[PDB]
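*Asks:* A structural model of the following input is requested.
(chains A and B, ligands or ions: 14)
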Number of protein chains: 2
Amino acid sequence: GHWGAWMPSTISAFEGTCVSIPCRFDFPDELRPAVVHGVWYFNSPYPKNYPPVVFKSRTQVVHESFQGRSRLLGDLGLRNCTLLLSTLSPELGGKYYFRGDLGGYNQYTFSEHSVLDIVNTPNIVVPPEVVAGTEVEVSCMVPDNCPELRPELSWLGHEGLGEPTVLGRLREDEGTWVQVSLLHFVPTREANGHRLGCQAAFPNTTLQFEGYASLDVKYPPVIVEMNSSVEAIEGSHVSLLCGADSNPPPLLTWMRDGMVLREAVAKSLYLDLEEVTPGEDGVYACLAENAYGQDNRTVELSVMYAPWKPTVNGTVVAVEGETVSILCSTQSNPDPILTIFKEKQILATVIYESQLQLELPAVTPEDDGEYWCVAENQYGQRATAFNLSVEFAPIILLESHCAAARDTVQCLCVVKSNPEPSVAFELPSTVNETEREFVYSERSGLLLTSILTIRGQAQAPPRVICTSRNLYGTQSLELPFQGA
Amino acid sequence: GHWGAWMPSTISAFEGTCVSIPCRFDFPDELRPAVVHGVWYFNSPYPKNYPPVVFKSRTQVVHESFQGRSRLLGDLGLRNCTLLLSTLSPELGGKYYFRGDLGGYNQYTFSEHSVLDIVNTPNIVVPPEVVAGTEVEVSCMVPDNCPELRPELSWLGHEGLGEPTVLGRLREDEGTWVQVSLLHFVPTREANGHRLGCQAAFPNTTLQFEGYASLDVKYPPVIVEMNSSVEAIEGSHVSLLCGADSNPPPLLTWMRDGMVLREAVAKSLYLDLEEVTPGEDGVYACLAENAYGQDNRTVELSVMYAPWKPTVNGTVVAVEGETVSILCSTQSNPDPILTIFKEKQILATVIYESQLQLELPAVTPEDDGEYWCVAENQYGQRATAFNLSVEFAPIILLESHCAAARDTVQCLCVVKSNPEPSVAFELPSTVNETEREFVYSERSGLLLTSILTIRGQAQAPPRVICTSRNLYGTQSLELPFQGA
Ligand SMILES: CC(=O)N[C@@H]1[C@@H](O[C@@H]2O[C@H](CO)[C@H](O)[C@H](O[C@]3(C(=O)O)C[C@H](O)[C@@H](NC(C)=O)[C@H]([C@H](O)[C@H](O)CO)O3)[C@H]2O)[C@@H](O)[C@@H](CO)O[C@H]1O
Ligand SMILES: CC(=O)N[C@@H]1[C@@H](O[C@@H]2O[C@H](CO)[C@H](O)[C@H](O[C@]3(C(=O)O)C[C@H](O)[C@@H](NC(C)=O)[C@H]([C@H](O)[C@H](O)CO)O3)[C@H]2O)[C@@H](O)[C@@H](CO)O[C@H]1O
Ligand SMILES: *[C@@H]1O[C@H](CO[C@@H]2O[C@@H](C)[C@@H](O)[C@@H](O)[C@@H]2O)[C@@H](O)[C@H](O)[C@H]1NC(C)=O
Ligand SMILES: *[C@@H]1O[C@H](CO[C@@H]2O[C@@H](C)[C@@H](O)[C@@H](O)[C@@H]2O)[C@@H](O)[C@H](O)[C@H]1NC(C)=O
Ligand SMILES: *[C@@H]1O[C@H](CO)[C@@H](O)[C@H](O)[C@H]1NC(C)=O
Ligand SMILES: *[C@@H]1O[C@H](CO)[C@@H](O)[C@H](O)[C@H]1NC(C)=O
Ligand SMILES: *[C@@H]1O[C@H](CO)[C@@H](O)[C@H](O)[C@H]1NC(C)=O
Ligand SMILES: *[C@@H]1O[C@H](CO)[C@@H](O)[C@H](O)[C@H]1NC(C)=O
Ligand SMILES: *[C@@H]1O[C@H](CO)[C@@H](O)[C@H](O)[C@H]1NC(C)=O
Ligand SMILES: *[C@@H]1O[C@H](CO)[C@@H](O)[C@H](O)[C@H]1NC(C)=O
Ligand SMILES: *[C@@H]1O[C@H](CO)[C@@H](O)[C@H](O)[C@H]1NC(C)=O
Ligand SMILES: *[C@@H]1O[C@H](CO)[C@@H](O)[C@H](O)[C@H]1NC(C)=O
Ligand SMILES: *[C@H]1O[C@H](CO)[C@@H](O)[C@H](O)[C@@H]1O
Ligand SMILES: *[C@H]1O[C@H](CO)[C@@H](O)[C@H](O)[C@@H]1O
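*Replies:* Residues are numbered from 1 along each chain as shown, chains lettered A, B, ... in the order given. Ligands and ions are numbered 1, 2, ... in the order given. Shown next is the protein structure:
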């Protein structure tokens, strides 16, 4: 054929082991020179620029960087120029050209070259996506290009994961071999961040090459941080925390009542509430969702505040004996105990209830007066006042009398009634020049107090009769005298 | 001498009597004709214009208006041509010329003529000013020019006035006589407007001639119309009347307090007062003054109106047992009876006095309350209100108790005091999580009503002790319980 050569492009082995660069070459058959000679140049391809001599036919003298480090396999007559390099060092990493020298001027450095890689760590392969719920296999590939040493693979750190299935050397690229050992297992959610190792060693040697890899198994989110039932005060500051554990980024969503609120892709998400209202009260849910699953939790938020000022509706005015129904109603976030009461006495009390009802079957006059409803509670108390008035027929009090002075007589009669009664004075006497009797009447509470003055009345005290009328009834007391 | 004649200018007598026109004439002595003749022409002086012939020598034929009515006295030889005309009538009033006819062409009508007045009424003379206090004389003159009849004068209507002093005939002007009768008297104030008369009559005849005159005696003013003590209402209308009796115009002057007010020259003078004030009250004097005297009277004017609203000054605040002095003072035009009083009781009363004083030696708490001072009176009543407050050490009322409910206990203690006392609750227990006790305290009158609620207290009722402090004192009641 024509000039040329076959050689692997890339080839590799470990520090301290050998390599075996396989090859083959060709020259024009047209020439028949016996004793085919060749040379192996490191780094550089042509003689002009002196390269290190890896091998040269019928010369023990080579580069000191290969002395006792190189040897050729195969008769070059059969065009077989495979080269072995024992005891490798990082220095020996480089490109290796091959050149042939048959006869004179028939010398050719072949353009195809192999590049020698020297690694000190094995190769662990892992698929891009490693879902937790799915079986996933991983391999371990080590360049078995050495005829003198035979690597054996050992999964370390595999622990509880399934046992390794060993495989032999396999064809890599064109003309290079590699020993592979597989590993079949299933990953827990936790498995992410676990360090998995593969070790290659050689039976008689002290050579051991370890190599690590940390897995990245994807798992759905599990909400691990969530508040218990939160009970907060109005206007206070409320921080809700939703934590989530997921390998892929999780999406966090705060929701309540079918609404959006706050949403973010993070490991934890705060919901800050300022100026808290009873409308903020309710159950809040945090939803965590990932393409690989989801999880959600709820928390009951309870807003607590002192009850509002009580509202009292019912009956304000009522005649005697009628039945007065009064209810005192107040909404409160924390259940509260409340009570209503007049001065000097407490009418009714209810405990931990929304509203209290007071009923007075028959109403005496003493029921007239202002009342108080207090909505007592842990977080504060507010009250409200309501008045209850009671109407009745006027009652002329026996505190009434006719005191006479030396020249004139004057009388006082007091009655009580809620509708202020028409006071009047009568006396059996005819009409006189005036000298007109004149009364004055001031009112305080239910009491109508009125004082008459009859002037120039004879020493014999005149019968004075007091009468007062309201809508409901009438009364008339013939007044007494208080001499000396 | 020369031609000429003497004759009275004016001369008069009554209807029905005679006249006696005296005369005398003269002609040039140079001529000596015997048998001097003359004529008396009425009205006209010369013959050309025919006049009535009163007399003509040696002719019985005269004017028919003088036939048997005329006659001549004295020989014309002695130049005496006096003429008498009996039975006079109003017709015979006129001028009378005299003319002489001695010889031919020696005829002369003398330029001097007498005019005959005929009156039917006497002449009464009165001085211009007739002061009442002064003696004043009046005369009565009657023309005594008749030789045949002799008038006699008689004062009629003179009555109580001094008797008349008769006088004889007196020389009037030149050649006429008049009978005068005087009258000496003194005039009362009343005498003005009195009719005084003088009558002349003749003994044998039926002829009587009366003549009157009404006197105008000046007298000082005497105030005869004057009001008694006038007692009037404010804003009413007041008419003061001052009447005065005087012949000359009197000057009327209304005065008070040394001031002018109203002044007028009249018989009566009104002082009208509208919108009467207590400042109008006082004594008003009416002065009457005339150049001939003066008189004056006074009237007390009293303005009456309901008392003003009472003013109460003194002490409003006072501790227990202290003495409270309060006075209620009110000015009033009509004296009024007033009184002060609380509800249901009347403290004090005074009658017909300007002010009333109330004193409360020791002040109990029940003295706290509003008081009324009413200034009662005939013409209206007004009042005023004053409050009296009384401070004292708080008194914890035995209406207080500790009522327990099934889950919680609540206590009520009421105290009374005017300075609102600091209520407090104590109990022998250490500090607990809260669950904080909470009290409510409303105030009404002197009563501080307060209710505690102690929550979750064990079935065994805890000792509750109520304490209240004011400036004056402190009290503490260990409260009781009311089971079932
Ligand atoms: C041709 C070429 O691309 N070479 C360039 C380089 O120059 C080389 O220099 C060396 C120095 O000894 C040689 O002269 C070489 O030619 C020879 C050799 O000795 O390798 C002569 C041989 O006889 C000849 N072949 C045959 C069949 O006779 C060989 C052979 O053709 C080549 O080696 C094949 O690669 O070549 C010169 O080629 C030098 O200029 C470098 C850098 O500039 O560039 C090369 O392209
Ligand atoms: C002079 C005179 O003022 N007279 C005026 C009037 O005229 C008279 O008319 C009468 C008519 O008879 C006489 O003519 C009068 O004269 C006499 C008489 O007869 O009275 C004539 C007498 O002789 C003569 N006196 C003497 C001494 O002789 C008298 C005598 O002198 C007067 O009487 C004296 O008063 O007069 C006329 O005088 C006549 O015109 C009236 C109206 O117009 O006015 C007279 O002034
Ligand atoms: C009277 O009103 C009662 C309660 O009033 C309502 O509730 C209170 C807490 C406040 O919110 C107030 O504003 C509300 O109006 C009712 O429950 C009751 O049925 C009503 N009925 C009447 C008029 O007696
Ligand atoms: C308090 O005042 C008394 C009276 O007040 C006066 O008289 C009354 C009628 C009203 O006219 C009022 O305007 C006047 O001021 C005094 O008489 C008394 O002296 C006073 N003394 C006090 C202050 O106690
Ligand atoms: C070249 O020699 C090597 C070592 O003897 C051998 O492995 C390879 O098969 C040979 N190649 C040939 C003969 O083509
Ligand atoms: C909820 O829990 C977080 C810790 O995970 C805490 O910081 C926060 O205060 C809690 N929320 C409330 C309202 O206490
Ligand atoms: C929580 O997730 C479940 C499924 O895991 C879903 O059925 C449910 O509706 C979710 N709840 C909320 C409030 O999102
Ligand atoms: C109730 O009546 C009292 C009088 O005793 C009065 O002071 C108060 O203002 C009244 N309150 C209402 C709400 O009517
Ligand atoms: C005129 O005569 C009368 C009457 O005889 C007489 O009164 C008067 O004195 C006589 N006058 C004389 C004479 O002068
Ligand atoms: C005073 O008296 C007159 C009558 O002389 C009378 O008209 C008037 O009304 C009186 N005045 C009063 C105030 O009565
Ligand atoms: C009244 O008149 C007398 C004299 O008649 C006099 O002294 C007195 O001052 C007068 N009074 C008045 C108030 O004018
Ligand atoms: C007096 O006190 C009463 C309360 O009992 C009040 O209603 C009234 O307005 C007070 N009056 C004065 C003048 O202070
Ligand atoms: C080798 O030398 C050159 C390389 O192409 C050619 O002349 C021929 O292929 C020969 O075999
Ligand atoms: C009368 O006549 C006239 C009047 O004066 C005069 O001549 C004389 O006075 C005589 O006596």
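
*Asks:* alpha carbons only for contacts and neighbour counts from here, please
*Replies:* Will do.

*Asks:* now the strands for the stretch 251-400 of chain A?
*Replies:* A:251-255, A:263-264, A:268-274, A:282-290, A:293-304, A:311-314, A:317-319, A:324-329, A:338-342, A:345-350, A:355-360, A:369-375, A:382-391, A:395-396 (DSSP state E, counting those that start in this stretch).

*Asks:* and if you look at the stretch 1-150 of chain A?
*Replies:* Using DSSP E, counting those that start in this stretch, strands in the stretch 1-150 of chain A cover A:4-6, A:10-14, A:19-21, A:24-26, A:37-42, A:53-56, A:70-72, A:83-85, A:94-101, A:107-109, A:114-119, A:123-125, A:130-131, A:136-143.

*Asks:* start and end of stretch A:195-210, how far apart?
*Replies:* In stretch A:195-210, first residue to last residue: 12 Å (CA to CA, to the nearest Å).

*Asks:* same check, this time on stretch A:174-192
*Replies:* Terminal-residue distance, stretch A:174-192 (CA to CA): 36 Å.

*Asks:* can you check stretch A:339-348 too?
*Replies:* Its first and final residues considered, stretch A:339-348 spans 6 Å by CA to CA.

*Asks:* other residues contacting that stretch?
*Replies:* With contact meaning CA atoms under 8 Å, 6 or more residues apart in numbering or on different chains, stretch A:339-348 is reached by A:349-350, A:356, A:358, A:369-376, B:399-400, B:412, B:414, B:443-444, B:447-449.

*Asks:* give me that answer again for 6 Å
*Replies:* A:349, A:371, A:372, A:373, A:374, B:449 (CA atoms under 6 Å, 6 or more residues apart in numbering or on different chains).

*Asks:* and the nearest residue to the fourth one once chain neighbours are set aside, bridged to which residues?
*Replies:* Pointing back at residue A:373 there. Excluding the flanking residues, the one nearest residue A:373 by CA to CA, 6 or more residues apart in numbering or on different chains is residue A:340, at 4.3 Å. For residue A:340, the beta-bridge assignment (DSSP bridges) gives partners residue A:348, residue A:373.

*Asks:* also residue A:357?
*Replies:* In beta-bridge terms (that is, DSSP bridges), residue A:357 pairs with residue A:327.

*Asks:* what's the spacing between it and ligand 5?
*Replies:* For residue A:357, the distance to ligand 5 equals 109 Å [CA to the nearest ligand atom, to the nearest Å].

*Asks:* that residue is in contact with residue A:325, isn't it?
*Replies:* No - the pair residue A:357 / residue A:325 is not scored as a contact, 7.3 Å apart, by CA atoms under 6 Å.

*Asks:* which residue is nearest the centroid of chain A?
*Replies:* The residue lying closest to the centre of chain A (CA atoms, centre = their mean) is residue A:242, at 1.3 Å.

*Asks:* confirm that that one sits in a strand.
*Replies:* Yes - assessed by DSSP: H, G, I helix; E, B strand; the rest coil, residue A:242 belongs to a strand.

*Asks:* so which of the strands of the stretch 251-400 of chain A gets nearest residue A:2?
*Replies:* Shortest distance between residue A:2 and the strands of the stretch 251-400 of chain A, using CA to CA, is found for strand A:282-290: 62.5 Å.

*Asks:* include mean neighbour count and distance to ligand 6 when you put the strands of the stretch 251-400 of chain A into JSON lines, please.
*Replies:* As requested, the strands of the stretch 251-400 of chain A are exported to JSON lines (neighbours: other CA atoms under 10 Å in any protein chain shown; distance: least, CA to the nearest ligand atom, whole Å):
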{"stretch": "strand A:251-255", "mean neighbour count": "21", "distance to ligand 6": "14"}
{"stretch": "strand A:263-264", "mean neighbour count": "14", "distance to ligand 6": "17"}
{"stretch": "strand A:268-274", "mean neighbour count": "15", "distance to ligand 6": "9"}
{"stretch": "strand A:282-290", "mean neighbour count": "19", "distance to ligand 6": "12"}
{"stretch": "strand A:293-304", "mean neighbour count": "17", "distance to ligand 6": "9"}
{"stretch": "strand A:311-314", "mean neighbour count": "15", "distance to ligand 6": "32"}
{"stretch": "strand A:317-319", "mean neighbour count": "16", "distance to ligand 6": "49"}
{"stretch": "strand A:324-329", "mean neighbour count": "18", "distance to ligand 6": "31"}
{"stretch": "strand A:338-342", "mean neighbour count": "21", "distance to ligand 6": "29"}
{"stretch": "strand A:345-350", "mean neighbour count": "15", "distance to ligand 6": "32"}
{"stretch": "strand A:355-360", "mean neighbour count": "16", "distance to ligand 6": "30"}
{"stretch": "strand A:369-375", "mean neighbour count": "20", "distance to ligand 6": "27"}
{"stretch": "strand A:382-391", "mean neighbour count": "17", "distance to ligand 6": "27"}
{"stretch": "strand A:395-396", "mean neighbour count": "20", "distance to ligand 6": "65"}
